[PDB]
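Residue numbers for the sequence shown follow the entry's author numbering, so the first one is 27 and each next one is one higher. Ideal Cβ positions, reconstructed from N, Cα and C, are used throughout, including at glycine. Written below as C-alpha cells is the structure these notes are about.
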Amino acid sequence: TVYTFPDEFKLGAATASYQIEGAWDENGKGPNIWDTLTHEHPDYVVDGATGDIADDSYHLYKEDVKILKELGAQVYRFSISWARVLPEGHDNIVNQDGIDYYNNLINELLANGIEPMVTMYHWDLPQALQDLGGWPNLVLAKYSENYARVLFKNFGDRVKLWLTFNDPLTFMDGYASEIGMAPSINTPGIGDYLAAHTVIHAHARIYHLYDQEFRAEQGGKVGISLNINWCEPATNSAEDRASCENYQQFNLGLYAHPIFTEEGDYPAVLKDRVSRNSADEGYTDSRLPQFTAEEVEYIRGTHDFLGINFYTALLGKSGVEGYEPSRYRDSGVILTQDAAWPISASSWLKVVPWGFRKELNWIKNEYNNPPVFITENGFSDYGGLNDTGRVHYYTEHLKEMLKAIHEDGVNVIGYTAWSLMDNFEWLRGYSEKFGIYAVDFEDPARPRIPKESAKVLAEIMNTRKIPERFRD
Ligand SMILES: O=S(=O)(O)CCN1CCN(CCO[C@@H]2O[C@H](CO)[C@@H](O)[C@H](O)[C@H]2O)CC1
Ligand SMILES: [Cl-]
Ligand code: NA
C-alpha cells in the first residue's frame with residue numbers, strides 16, 4: 027500500500043519557457059529580463075551561455091510531446107513566456123504567433139492524452155515592465171491581471187490547472203544582488219520585499235479574475251508554486267527549533283501565510299523581526315511593506331491548491347548572520363549543510379529525502395492540509411545517461427512522498443518531475459543537467475534521448491507503484 031500511488035494522483039514532468047524554448051526574438055516575441063541578462067552580462071552566467079536556442083522547444087514542441095507520451099506522463103507542466111504573448115508587457119498588443127504556439131502545444135498534448143498544467147510566470151518578465159522597476163513596482167499587479175486575462179481567454183477552455191507564479195522566493199532575489207538572478211539589482215532587504223508584496227497582490231488579482239470572469243465556464247483550478255527547503259535543527263534544542271521555524275516562516279510563510287491561512291497577512295515573526303531590525307538601524311519605516319485589513323481579506327483564500335517545489339534541506343541553528351539589510355539576516359537562523367549528505371552537481375542541492383516528508387508534514391500542520399501538487403523535484407549531474415544518482419533521488423523522494431500520503435495523511439494530489447529535459451539552468455548555463463532526457467546542445471536538431479531515470483520514471487508511471495528493487 028505505502029508503495030502504490032492513489033488512483034487519482036497525477037504523475038508527469040515539468041519545464042519552464044526560457045529554459046527550453048529558444049526563439050528568443052522570433053515572430054514578434056519581445057525581450058525579457060533573461061534575454062537582457064544573458065546578452066548584456068554573460069559574465070554572470072557559466073560559459074556565457076544564453077537561452078537564445080536552449081532546447082528549441084518553440085520549434086520542437088511536438089518532440090517534447092513525443093517524449094512525454096513515451097514517458098507516460100499524465101500531466102505536463104510548462105510555462106508561458108509573457109513577452110512571447112504580450113511583447114510590450116502591457117496588453118495593448120497580443121502576438122498571434124505566441125497564441126498559436128501555445129495553442130499548438132496544448133492541442134498536441136491533449137491529442138496525445140496528456141493534461142496541460144500552465145505556469146503563467148516562471149521568471150521571464152518583459153523588459154518593458156522591468157524598465158518601470160519590475161516587481162518592486164506595485165503597478166505590475168494590474169499588468170499581471172491583464173496578462174492572466176489573455177491567458178484564460180485564449181487557453182482556459184482547454185487548460186484546467188494553472189499556477190500564477192513559480193517560486194517568487196527565488197525570483198524576488200533578483201532584486202537582492204548586482205550579479206545574480208535577473209534583473210540583477212542590488213536592493214537586498216528592501217527591493218526583494220517590495221517584489222514579494224507585488225507578487226502576492228498580483229496572485230490575488232489573478233485568482234479573483236478567474237473567479238469573476240472564467241471559473242463558471244472553465245471549471246479549472248488556480249494555485250501558486252512555492253519553493254521551500256526543509257530546515258533541520260542542528261541540535262535538538264528549543265533554540266535551534268525556533269530558528270528552523272523562523273526559516274519556514276521567512277521562506278515559505280512569506281508567501282503562504284497571506285494566501286493559505288484563515289488569518290492572512292505575513293507571518294507575525296516576519297513582521298516583527300523586520301520591524302525591530304529596521305528601527306534599530308534608524309529607518310523611520312519598516313523595510314517590510316504592509317497590507318491593509320482590506321488587502322489581507324482580499325488576498326487570503328486565493329487558492330485551489332498549493333504547488334510545492336522541493337529539492338533539498340539545510341541545517342538551522344539559533345543566531346543571526348548575513349548582511350544588513352537582507353532577508354537572510356532578518357530571518358534569524360544560521361544555515362549550513364551536513365557534509366555527510368550525498369552531493370549533486372549543484373552546490374546548493376544535497377540529497378535529503380526524509381526532509382521532503384518533514385516538509386510535507388510542516389505544510390499539512392501549518393495550512394490545514396491543503397491539496398498539494400509537487401510541481402518540481404529533481405537532481406543535477408554534469409552529464410551521462412546512466413544517471414544512478416538521479417534514479418536514487420527520484421525513487422527515494424517518491425517513497426518519502428508516498429509515506430507522507432499513506433502514513434501521515436498529507437493530501438498530495440500530483441507530482442511533476444523537474445525536468446523533462448536538460449535545459450538552460452539559469453546562471454549555471456548548460457553546465458548542470460536536471461533532465462530525465464538528455465539533450466545534445468551541440469547538435470542543431472537538439473535530440474532528446476532517455477536517461478535511465480526516464481526509463482525508471484516510465485516504469486513507475488506505468489505500474490503506478492515503486493518497483494520492488496527500490497523498496498527498503
Ligand atoms: O545562485 S545561487 O544563490 O547560488 C543558488 C540559487 N538557488 C535558487 C533556488 N533554486 C531552486 C528552486 O528553483 C528551481 O531550481 C531548478 C534547478 O535549479 C530550476 O531549473 C528551476 O527553474 C527552478 O524553479 C536553486 C538555486
Ligand atoms: Cl526486481
Ligand atoms: Na486576446
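Distance between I462 and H423, taken at the CA atoms: about 15 Å. Note that the stretch 357-365 does not touch the stretch 306-324; fewer than 3 beta-carbon pairs, one per stretch, sit closer than 8 Å.
Under the three-state reduction of DSSP, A42 is assigned to coil, being neither helix nor strand. Distances taken from the Cβ of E47 to the heavy atoms of ligand 1 include none shorter than 7 Å. Judged by DSSP in its simplified three-state form, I492 adopts coil rather than helix or strand.
At the C-beta level, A228 and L252 stay beyond 8 Å of one another. By the beta-carbon neighbour count (other beta carbons within 10 angstroms, threshold 16), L411 is exposed. Within the stretch 92-127, the complete alpha helix (DSSP H) segments at least 4 residues long are 108-111, listed from N- to C-terminus. Set against 7 Å, the gap from the CB of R495 to the closest heavy atom of ligand 2 is smaller. Going by beta carbons, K376 and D266 fall outside the 8 Å limit.
For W444 against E402, the beta-carbon gap comes to about 4 Å, under 8 Å, which counts as contact. Of all residues, those with a beta-carbon under 6 Å from at least one heavy atom of ligand 3 are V120, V176, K179, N180, reported in chain order. Here the distance from the Cβ of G461 to the nearest heavy atom of ligand 1 is not below 7 Å. Judged by DSSP in its simplified three-state form, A471 adopts coil rather than helix or strand. Burial state of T64 is buried, judged by a 10 Å Cβ sphere holding 16 or more other Cβ atoms. With a beta-carbon spacing of about 7 Å, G38 and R103 fall inside the 8 Å limit used to define contacts.
Per the coordinates, the alpha-carbon of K297 lies some 21 Å from the alpha-carbon of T328. Three or more pairs of CB atoms, one per stretch, sit closer than 8 Å, so the stretch 273-293 contacts the stretch 320-334. In the DSSP annotation of this structure, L314 is not part of any alpha helix (DSSP H), being labelled neither H nor E. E347 sits in coil when the DSSP states are folded into three classes, being neither helix nor strand. Here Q45 is buried. Its C-beta has 16 or more other C-beta atoms within 10 Å. In terms of Cα proximity to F178, the closest of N192, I486, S210, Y128 is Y128. The Cβ atoms of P142 and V185 sit closer than 8 Å to each other. Beta-bridge analysis with DSSP links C257 to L340. For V438, the uninterrupted beta strand (DSSP E) segment begins and ends at 438-444.
By the Cβ criterion, the stretch 319-327 is not in contact with the stretch 365-380, since fewer than three pairs of Cβ atoms, one from each stretch, lie closer than 8 Å. Restricting attention to alpha helix (DSSP H) runs no shorter than 4 residues, the stretch 130-170 encloses them at 153-156, ordered along the chain. When the Cα atoms are used, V300 and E347 turn out to be separated by approximately 14 Å. Here the distance from the Cβ of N335 to the nearest heavy atom of ligand 1 is below 7 Å.
When C-alpha distances from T414 are compared across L483, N58, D90, the shortest belongs to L483.
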